[PDB]
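Inspection log for the structure reproduced underneath, given as C-alpha cells.
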Amino acid sequence: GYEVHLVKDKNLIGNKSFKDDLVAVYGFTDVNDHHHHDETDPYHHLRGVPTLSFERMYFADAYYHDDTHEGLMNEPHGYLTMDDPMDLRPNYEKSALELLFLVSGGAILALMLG
Amino acid sequence: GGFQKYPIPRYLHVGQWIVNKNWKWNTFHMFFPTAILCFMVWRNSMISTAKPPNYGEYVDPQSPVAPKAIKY
Amino acid sequence: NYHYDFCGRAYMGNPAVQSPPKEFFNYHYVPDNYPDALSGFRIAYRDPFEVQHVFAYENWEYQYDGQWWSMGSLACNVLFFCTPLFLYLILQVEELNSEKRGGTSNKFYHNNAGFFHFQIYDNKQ
Amino acid sequence: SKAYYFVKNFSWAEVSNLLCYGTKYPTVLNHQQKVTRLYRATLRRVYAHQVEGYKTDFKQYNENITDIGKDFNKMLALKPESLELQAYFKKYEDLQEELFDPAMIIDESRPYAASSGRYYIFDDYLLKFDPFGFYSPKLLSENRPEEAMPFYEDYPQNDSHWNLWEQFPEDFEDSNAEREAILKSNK
Amino acid sequence: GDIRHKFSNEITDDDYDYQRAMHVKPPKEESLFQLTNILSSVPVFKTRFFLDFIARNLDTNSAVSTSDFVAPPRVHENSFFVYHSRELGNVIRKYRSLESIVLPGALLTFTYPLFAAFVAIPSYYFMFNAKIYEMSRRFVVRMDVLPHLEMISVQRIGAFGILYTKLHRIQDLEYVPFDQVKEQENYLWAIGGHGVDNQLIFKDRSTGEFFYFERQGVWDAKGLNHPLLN
Amino acid sequence: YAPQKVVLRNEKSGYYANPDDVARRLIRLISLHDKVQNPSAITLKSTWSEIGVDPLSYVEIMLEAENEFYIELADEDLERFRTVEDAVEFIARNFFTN
Ligand SMILES: CCCCCCCCCCCCCCCCCC(=O)OC[C@H](COP(=O)([O-])OCC(O)COP(=O)([O-])OC[C@@H](COC(=O)CCCCCCCCCCCCCCCCC)OC(=O)CCCCCCCCCCCCCCCCC)OC(=O)CCCCCCCCCCCCCCCCC
Ligand SMILES: CCCCCCCCCCCCCCCCCC(=O)OC[C@H](COP(=O)([O-])OCC[N+](C)(C)C)OC(=O)CCCCCCCCCCCCCCCCC
Ligand SMILES: CCCCCCCCCCCCCCCCCC(=O)OC[C@H](COP(=O)([O-])OCC[N+](C)(C)C)OC(=O)CCCCCCCCCCCCCCCCC
Ligand SMILES: CCCCCCCCCCCCCCCCCC(=O)OC[C@H](COP(=O)([O-])OCC[N+](C)(C)C)OC(=O)CCCCCCCCCCCCCCCCC
Ligand SMILES: CCCCCCCCCCCCCCCCCC(=O)OC[C@H](COP(=O)([O-])OCC[N+](C)(C)C)OC(=O)CCCCCCCCCCCCCCCCC
Ligand SMILES: CCCCCCCCCCCCCCCCCC(=O)OC[C@H](COP(=O)(O)OCCN)OC(=O)CCCCCCCCCCCCCCCCC
Ligand SMILES: CCCCCCCCCCCCCCCC(=O)OC[C@H](COP(=O)(O)O)OC(=O)CCCCCCCCCCCCCCC
Ligand SMILES: Nc1ncnc2c1ncn2[C@@H]1O[C@H](COP(=O)(O)OP(=O)(O)O)[C@@H](O)[C@H]1O
C-alpha cells in the first residue's frame, strides 16, 4: 500500500491568471485534489501523564512516539565477543587466559598484599 | 529535533537508541553496592586525613604534634 | 602556501583527475601459505590507488646521485644531517657546566666494584 | 554542491571558480551555463548579505537584484567572445570575491557541511549478518549446499586452533559392538 | 484544525488573556482599571470643568492638516513653491534647537564642562556628525522658484535651529548620480542618509553645495511642470 | 521496541515528502512569477520553456524553491531538470538533510 496518489497530465491550479484573479487576496484554488482531513492529536502521549515524568519533562514534543510503540527503539542486543555461544570445539584459549588472570591475582593476594 | 531513527544490526553490540526494560532494578543494584564500596574507601582514607585546629585551639610548640626539626 | 603548479620542489599529488593505474605493486604471499580465515574468511577486492599508495614508499628511490640534498629544502636537509653534531656539541657544552660546578658528569661511574644490582653472592661448602 | 571550498587545499582561484560556478573548470561550461550559474551565484550571495544579514534593507535588496537581473539579461544577450561580456564576468566575479565571507552559512543539506555525516547508516548486509543463531536461526548444517558444489562447513568467525582432542564422557562405552556381534555370528 | 475543545483540562483563551500585554489581539472586554473604564465611570471627569480643560489645553485642530493638497505661503510675491518637507524638517529643527538649551545649560550646570566637551567631540566626529548633522546641513526644508530671476530659493536649518534661505541659479543646477558619491560618503549614507532620497540628489556646480530632499516630502505638480524647471 | 528478529531497511516509497504537496507548492511558486501567465496550463509534464520560464527566470524560481523547501539544489541537478515532473520528483525524493 505504498502507491502514491500523484496527478500527471492534468493541471493542479484552476486560476486562469494571477492578476485578473485576486490571488494575492484569495490565494490559489486547487483542482484534482486528494483531500485527506488528518486529525491526529499531538501530545497524545502527554494526555493523562504526571508532571514529574520523562514524557512531560523532556519528551513533551508535538508528535513523540512512545518506546512501546516506536519500532526503532532498541533493547540491549549484540554479541559481547566473536566467540560462538554454541561452539562444539574444546577450545581452551579463554580458559588459559582466565587462569593466568586468576593466578596472578591470587599470587598478589597471597604473597604480596600486606 | 533529533535525527530520524534507522535500523541497527542485531548482531552488533552498540548503544544506538538502547533502552532497557529492567533499568530500575539495574540502577538499584548498581547504585547501592557502589555506595558501599565508596563508604569503605572513605573510612579507609579518613585514617590519613589532616585538618587544621578549630577556632578556639592553638598548637603548643613543644607538644609532640608540633613540627620537629631533624636532629643530626 | 602550497599548490601543485607552483610547489616546484615540495612535491605532492596533483589535483587533476587521472585514470586508475594499470600496473602497481601488490600483496604477495609465500608459496604454500596458510590463508588467514578470521571472521568468516571474507576478502574484498582491493582498490588500485590504495594498494599503489601502500607499496609506493617502500619502492621509492633516488633517480640521480646527490638528489637527496636538493629534494625538499636544502637548509632543512642540512640541519637534519647535522643534528647529531648539534646534539653532541650541546652535550659537551652542558658537560662544561657539570665540570665547573661539580654535578653529574657524562661518565661510566664505577661505585660498585663489579657488584651487580641486588645480585646473590654466595659460596658453597 | 559539495560545499568543500575550505577543505582539500583549494587555491583562491579554484575557490572563486567554485563559488561563481559549480565547477572548478568553468572553461568546460558553455555560454548559457556560465551566465546562468554566475547569475545564480550572484543572487545567492546578494540574498545572503542583504536579506539574511545584519540589519538588512529590503528596498535596497530589491534595487540591487533588479540591477543585477538587467545586467545578466544583457550578458546573456551578448556573444561569448566579447570584451564587454568578459568585463561583465570580471565585474561579478569581483563582486563575489568582495562579498566572500569566511564561515559563511552552509546549508545542512549539502555534503561536507557541519552535521553532514554525523551518523553511519547500516546496510542490509550488516542487518542480515548473524553468524550465530540467536537472532536469525542457524542450521545445524552450517550452510545450504548448492548444486555443482561439494558440501563444506562455513568458515567460523573465530578460527582459533587452540582446541583439545575430542572429549568424551567419563567411562564412555566404545567397544566395537558391531564387529563383536558379527564375529560371534560367524563363529 | 484546533482540538483544544476535545479536552476538559486544556488551556483556554481565558487562560491566554494574560498575554494580551505582550501579544497584540483586538480588545475583548474592558477591565475595571482601564483608563477608558475609569474615565467613563468616575463622574468627576464628566464635569464641564474637566471637559473644557480637555477641549482647550491640548493640541489644536487648527494645526491639523485638512487636505492632501498644501499651498504654503509664498516666499516672494512673484515666486511659486515646488517642494516642502513635512516631518523630517520639524525633527531636524527640534534637534538643532537643543543647542540653545542643552549647551548653555550644560555650561552653567555641569561641574566639568571641559569633560563634557571632551566626551562630545569624538561623539560628534563619529556616529553623530554623519548621522544627523551633515544630513541636516544638506537638507532642503523648502524650495521655491523665482521666475523673474530664473532662480530657486532653498530654505535650510542652521545652527541652533535658525532658518536661512539662499538663491541658486537654475542654470547652475546639476544632477549628481548616487554612484559618484556613495563611495565618497559611505558612512553618511550608511547611518544618516535614510531619510533623504538617494537617487534624487542635485548640486549647484558654481557653489558645490548639495540638495537633499525628504522621501516623505510634498511636491507640487504645477511647480514640477513649470517650463522653467523643464 | 524493535523486535529481536532481523529487520531490514524498509524503502516504503522513494518519496521522503508528500509528492502531491511538493508539486502543488512548486506550481504555486512558479505561478507567483511575473513571466508566468496562465497557472492553469502548468502541469507536471509541461516544460519550462512552454510554460514560459526563461533560462534566467528558471534560476530565480529555483532559488526561491530552495528557500521554500529548505534544501539546496546543485547546479548539475538544476540543469538536468527538464520538466516540472523531474523537478518535483527530485525535490520529493530528496532527503532534506542530504
Ligand atoms: C655560524 C654563525 C651563526 C651565528 C651568526 C648569526 C646567524 C647566521 C646564520 C646564516 C643566516 C644567513 C644565511 C642563510 C641563507 C639561507 C639558507 C641558504 O643559503 O640555503 C639556500 C637557500 C635555501 O634553499 P631551500 O631551503 O632549498 O629553499 C626552500 C624554498 O624557499 C621553499 O620553502 P617553503 O615555502 O617550502 O618553506 C620552507 C622554509 C621554512 O621552513 C619551515 O618553516 C620549517 C623550519 C625551518 C628552519 C627555520 C629555522 C629554525 C632555527 C634554526 C636553528 C639552527 C640551530 C643549529 C645551528 C647553529 C649554528 C650556530 O624553509 C626554510 O627555512 C628555507 C629558507 C632558508 C633556511 C632558513 C632557516 C635556517 C637558516 C640558518 C639559521 C642558522 C641560525 C644559527 C644561530 C642559532 C641560534 C644560536 O636557497 C635560496 O637562496 C632561496 C631563498 C630562500 C630564502 C632566503 C631568505 C633570506 C636569507 C638571508 C639571505 C642573505 C644571506 C647573506 C649571507 C652572507 C654571508 C654569511
Ligand atoms: C578500585 C577502585 C575502582 C576500580 C575501577 C577502575 C576503573 C578503571 C577505568 C575503567 C574505564 C572504563 C571505560 C569503559 C568504556 C566503555 C565504552 C564506552 O564508554 O563507549 C565507547 C564509545 C562508544 O561505545 P559503543 O556504544 O560503540 O559500545 C559500547 C559497548 N561495547 C563497548 C561493549 C561494545 O566509543 C568512543 O567514542 C570511545 C569513548 C571512550 C571514553 C572513555 C572515557 C573514560 C572516562 C573515565 C573518567 C574517570 C575519571 C577518574 C578520576 C580519578 C583518577 C585517579
Ligand atoms: C634553537 C636553539 C638552538 C640552540 C643552539 C643549539 C646548539 C648549537 C651548537 C653549539 C656548539 C657548541 C660548540 C662548543 C662546544 C665544544 C665541545 C667540545 O669540547 O668539542 C670538541 C671536539 C672533540 O671533543 P672530545 O669529546 O674529543 O673532547 C675530549 C673529551 N673531554 C672533553 C671530555 C676531555 O672537537 C671538535 O670536533 C669540535 C669541532 C667544533 C667545530 C666548530 C663549532 C662552532 C660552533 C659555533 C656555534 C655558534 C656560536 C654559539 C652560539 C650560542 C651562543 C649562546
Ligand atoms: C575654550 C573656550 C570654551 C568655550 C565654550 C563655550 C560654551 C558656551 C557656549 C554658549 C552657547 C550660546 C548659545 C546661544 C543660543 C541662542 C542662539 C540663537 O541665536 O538662537 C536663537 C533661537 C532661534 O531664534 P529664531 O529667531 O529663529 O526664532 C525664535 C524662537 N522660535 C524658533 C521658537 C520662534 O532662539 C532660541 O533658541 C532662544 C533660546 C532662549 C534661551 C537661551 C538660554 C537657555 C538656557 C538658560 C540657562 C540654563 C537653564 C537654567 C535654568 C534655571 C532655572 C532656575
Ligand atoms: C563647555 C563646552 C560645552 C559643553 C556642552 C555639553 C556637552 C554636549 C551636550 C551634552 C548633552 C547631554 C547631557 C546629558 C546629562 C545626563 C545627566 C548627567 O550625568 O549630567 C551631568 C554630567 C556632568 O555633570 P558633572 O560634571 O557635575 O558630573 C560629575 C562628574 N562626573 C560625572 C564625571 C563624575 O553630564 C555628563 O557627564 C555629560 C557628558 C557629555 C555628553 C556628551 C554627549 C554624549 C551623550 C549624548 C546625549 C544623551 C546622553 C544621555 C545620558 C543619560 C544618562 C546616562
Ligand atoms: C527543591 C525543588 C526542586 C525542583 C526541581 C524541579 C524539576 C527540575 C528539572 C527536572 C530534573 C529531574 C528529572 C527527573 C525525572 C524523573 C521522571 C520519573 O521519575 O518518571 C517515572 C519513572 C517510572 O518509570 P517509567 O515510566 O517506566 O520510565 C520510562 C518512561 N518513558 O521513573 C521513576 O519512577 C523514578 C525512580 C525509578 C526507580 C529508582 C530506583 C532507585 C534508584 C537509586 C536511588 C538512590 C537513592 C539514594 C538516597 C540516599 C539518601 C542518603
Ligand atoms: C572645543 C569645542 C567643544 C564642543 C563645542 C560644542 C559647540 C556646540 C554649538 C555649535 C554651534 C555652531 C554650529 C555650526 C554648525 C555648522 O554650520 O557647521 C559648519 C561647519 C563648517 O563646515 P564643514 O566643517 O563641514 O566644512 O561644520 C563643522 O563640522 C565644524 C563645526 C562643528 C559644530 C558641531 C556642533 C554640534 C556638536 C554636537 C556634539 C555631540 C552631540 C551632543 C548632544 C546633542
Ligand atoms: N589524492 C589527492 N591528491 C591531491 N589532491 C586531491 C586528492 N584528493 C582530492 N584532492 C582534491 O579534492 C578535490 C576534489 O575533491 P573530490 O572529493 O574528488 O570531489 P570532485 O573530484 O568531484 O570535485 C581537488 O581539489 C582535488 O585537488
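Per chain, numbering begins at 1; letters A, B, ... match sequence-line order. Values below: every heavy atom of this structure, side chains too, minus hydrogens, waters and symmetry copies.
Among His77(A), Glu75(A), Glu3(A), the residue with the largest count of heavy-atom pairs under 4.5 Å with chain F is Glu75(A). Options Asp67(A), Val23(A), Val7(A) differ in how many heavy-atom pairs under 4.5 Å they form with chain F, and the most are formed by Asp67(A). Note: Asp20(F) leads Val88(F), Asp20(F), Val36(F), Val7(F) in heavy-atom pairs under 4.5 Å with chain A.
In this structure, chain A has no heavy atom under 4.5 Å from any part of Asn18(F). Contacts of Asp21(F) with chain A are absent, with no heavy-atom separation under 4.5 Å from either backbone or side chain. Both the backbone and the side chain of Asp33(A) come within contact range of chain F, judged by heavy atoms closer than 4.5 Å. Only the backbone of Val31(A) comes within less than 4.5 Å of a heavy atom in chain F; its side chain stays farther off.
Annotation: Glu39(A), atom CD; neighbour count of heavy atoms from other residues, nucleotides and ligands within 6.0 Å is above 12. When the shell of 6.0 Å around CZ of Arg56(A) is examined, it contains 12 or fewer heavy atoms from other residues, nucleotides or ligands. Heavy atoms of other residues, nucleotides or ligands lying less than 6.0 angstrom from NE2 of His69(A) number 12 at most. Environment of CG in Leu97(A): crowded, with over 12 heavy atoms of neighbouring residues, nucleotides or ligands closer than 6.0 Å. A 6.0 Å sphere centred on NZ of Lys94(A) holds no more than 12 heavy atoms belonging to other residues, nucleotides or ligands.
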For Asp30(A) and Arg28(F), run side chain to side chain contact (heavy atoms under 4.5 Å, CB included): C-alpha distance rounded to whole Å, both residues' side-chain angles, the deciding distance at 0.1 Å, then the answer. CA-CA 10 Å; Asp30(A) 293 358; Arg28(F) 294 190 195 96; 3.2 Å; yes
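The two residues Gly71(A) and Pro3(F) have their closest heavy-atom pair at O-CD, 4.5 Å.
Identified by a heavy-atom distance below 4.5 Å to chain F, the contributing residues of residues 9-20 of chain A are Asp9(A), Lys10(A), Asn11(A), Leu12(A), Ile13(A), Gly14(A), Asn15(A), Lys16(A), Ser17(A), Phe18(A), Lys19(A), in residue-number order.
Interatomic distance, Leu29(F) CG to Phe28(A) CZ, rounded to the nearest 0.5 Å: 9.0 Å.
Taking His45(A) as the reference, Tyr64(A) meet the ring pair (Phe, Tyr, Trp, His ring centres under 6.0 Å) condition, with sequence neighbours excluded.
Counting only heavy atoms from C-beta outward, the side chains of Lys12(F) and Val4(A) never approach each other to under 4.5 Å. Looking only at side-chain heavy atoms (C-beta outward), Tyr1(F) and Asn74(A) stay at 4.5 Å or farther from each other. Side-chain contact between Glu89(F) and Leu6(A): present, with at least one pair of heavy atoms (C-beta onward) separated by less than 4.5 Å.
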